[PDB]
Each structure stands twice: as C-alpha cells, then as structure tokens.
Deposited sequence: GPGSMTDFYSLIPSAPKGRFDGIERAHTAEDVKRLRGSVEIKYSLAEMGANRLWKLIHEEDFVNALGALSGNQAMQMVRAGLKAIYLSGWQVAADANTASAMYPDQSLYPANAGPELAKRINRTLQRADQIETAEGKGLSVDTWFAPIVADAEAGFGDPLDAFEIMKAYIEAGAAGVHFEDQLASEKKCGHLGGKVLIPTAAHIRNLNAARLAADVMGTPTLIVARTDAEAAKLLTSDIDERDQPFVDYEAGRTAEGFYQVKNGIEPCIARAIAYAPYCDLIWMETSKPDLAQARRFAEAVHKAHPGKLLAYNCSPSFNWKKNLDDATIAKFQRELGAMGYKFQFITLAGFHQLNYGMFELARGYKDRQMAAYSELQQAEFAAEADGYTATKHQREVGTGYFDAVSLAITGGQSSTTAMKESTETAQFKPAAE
C-alpha cells in the first residue's frame, strides 16, 4: 500500500515498521505532481543494502565536501554529518564533481560509487521534524537521525513526543516518495532532566525526590535502563536505534543490544564511538583494535565518530601552522612529501573537467 507511493523501495523495506498515518494521508499531502529525488533514493537504497550485507558500515563526521570526498576516496562506504541540509547538498555536489572529473578525464570509477550514503543529524516539535526530513531528502541524504533531547545538562522529552517526531519524519519521507532511513537516538544515558513526566513509560525513571528544577523540569535517573525502555518504545517507528554514549564499553553495548533484541529480534543498531572518550587510557590496544568489529556482530551495523573531521582539521592545521611559524617552508615541504608518498595509496589531490568541457564546446 505504501510500497507504491515509494516506487524505489526495495523488497521488505518496511517489514516491522508502524505508521500513525495512512496511504490516503500521504496522497492528500503530496501535491499533484511527482518530483524525483534521485540522490536520496539512491543513497537510502545503497545504505539499506550495505547495513544488511556488510559486517558493519563505519563512517566519520565530515565538516565539508572535500573531507567527505577524501573519505570516499579512501574506501569508506558512508558519510556522517553532525545548516545541515545545506552541507549535505554541498557534500553531494563535491561527490558528483569527483565522479564527473573521473569520467571526463577518461578514467574509470575508482570507488564503489562516489555517492556514498549520507546520514545526518536533524537538529521544535513534529512539524519541525517533518520539514527538516524534507530538506534532507531534497539535499540527497540517505538517512536522518532524531534525538529525544530538547535542543544542568541535557533535557529529555517524553517518549510519546519523540515518537510523534519519528512519525513526522516517516510521513515526510512518505510524501517525498523516498525510502529514507530513520535513526532514533536516545539521550537517556547521561540526561538528568526531563520536560514533563506525563508519559507513564517515563515515570519509572523520574527522580521525584529531587523535585523540579527552578525552571520546572523533572529530574531523572539516567543510565542504560531508561535507554533500553525508550529504544524499545521507539523501535517500531525507526529503522535504526541509537543509544548516545560518552563511555564506550563493549559489555554495556552488548547489554543494550541484547535487551533491544529480546523485544525486537534482529533490530538494526547504530553506535557513536565517542571522540571525547580517552581510548588509549581506558582500553588496551587489542580492545581498541577489535572494538568496531565486535560491535558490528552485536547488530551495530552503522558506526561512526561524530566529530572526527573537526578533530582532524583542527589538529592538522595547528601542527602545520606551528612548524611553519618556526621552520617556514621546511614545514610545508614535509606535508608535500607526505602527500607524494600517499599517491601510491590512492591519494589524488596532488596528482581537467573544465578542459574537457571547453573542448566539447568548441
């Protein structure tokens, strides 16, 4: 019924997914004209393929089209984006240009595809979620995540209110006509505040004895337990479930995964490997080395480091600028030589389109 509204949807795309709305609701909200969203269809479908066929898909947070491009050139199969739809659009433009540069230079395709799926952070209530989903679909995003926190510490929203938001995003995907992936994130591991205790599913985790904050928020007992409950409640309304964590731990990841799987067998999971966590201090080399592999086997099929690009950029430029300050051109020469050494690995920035365009014109 919904499969005909979403012509590019693969077989079994919506197995286990519940919608608040109806097929007639989608048609009514659709307009009279069909507009194709090619990048979004392709991306969503490639991401759906990958998370079902690979041991796991890992991604890094990109700040720019060039960063995204290097990730794809390096062999990574997806892009994470942490202003959002604008960057997704910019990213898809530079990926398109990389593909076009290759084909115009007479070169074959050096990657699975230049259009690696983009999974983006949707940063209001349900009409906001609706509009943002649309924006990302227009931009060509493959998947979009929605978190149950409100824009001390983080403030959660009621379970029912997040479920409305997830439903609003599915409705937006349905109206656009794309099988766009929806990721539900819970912030309940570290969140100490909650807007309202109205939802009975949330009242078990309320620290009533702390009373309300001066601003009227409820105080909550954080940890894995409310994350499990929330994840279970969200499961029918998303494609992947994500528990935000600032303390990476395989045993806790396993605890979460098994608990979710009791209620929803085979449910696909997402995992953020925290860039703030001190990996080397807390985990031995062998644990660090196997971490993503072992998470993948638990059902964490989409894994990422949110601020990877940020850390890489800032650290790279600081070191560059420091050497340049003290040793001037010797510093840049070191970078250049490193770039040269990487060309064997597949680096191309040192080793055309507007030449081929020009010849076609004349």
(message) So, counting the deposited sequence from position 1, which segments are absent from the coordinates?
(response) 1-6, 89-112, 154-156, 185-192, 393-399, 411-433
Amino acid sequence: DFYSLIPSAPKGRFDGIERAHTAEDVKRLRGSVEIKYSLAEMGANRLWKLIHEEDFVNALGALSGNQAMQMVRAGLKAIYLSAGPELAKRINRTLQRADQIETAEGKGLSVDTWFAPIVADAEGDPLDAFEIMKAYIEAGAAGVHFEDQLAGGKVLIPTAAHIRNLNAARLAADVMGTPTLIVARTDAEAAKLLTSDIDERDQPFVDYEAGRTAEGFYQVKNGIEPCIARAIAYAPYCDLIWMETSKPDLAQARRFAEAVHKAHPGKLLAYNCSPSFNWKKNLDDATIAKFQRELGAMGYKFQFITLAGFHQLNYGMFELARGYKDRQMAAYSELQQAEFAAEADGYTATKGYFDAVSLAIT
From here on, numbers count along this sequence of modelled residues.
(request) Report the stretch with the higher mean CA temperature factor, choosing between 137-145 and 101-109 on the basis of the entry. (result) 101-109
(request) Return whichever of 172-180 and 282-290 has the greater mean Cα B factor according to the PDB record. (result) 282-290
(request) Among 33, 295, 40, 60, single out the one with the highest C-alpha B factor in the record, please. (result) 33
(message) Using only modelled residues of the chain, where does the Cα B factor of residue 45 rank: lowest third, middle third or highest third?
(response) lowest
(request) Pull the Cα B-factor of residue 202 out of the PDB entry and bin it into the chain's lowest, middle or highest third. (result) middle
(request) Divide the modelled residues of the chain into thirds by Cα B-factor and specify which third, lowest, middle or highest, holds residue 274. (result) highest
(message) What third of the chain does residue 228 rank in for C-alpha temperature factor, lowest, middle or highest?
(response) lowest
(message) Per the entry's values, where does residue 311 land by CA temperature factor relative to the rest of its chain, in the lowest, middle or highest third?
(response) middle
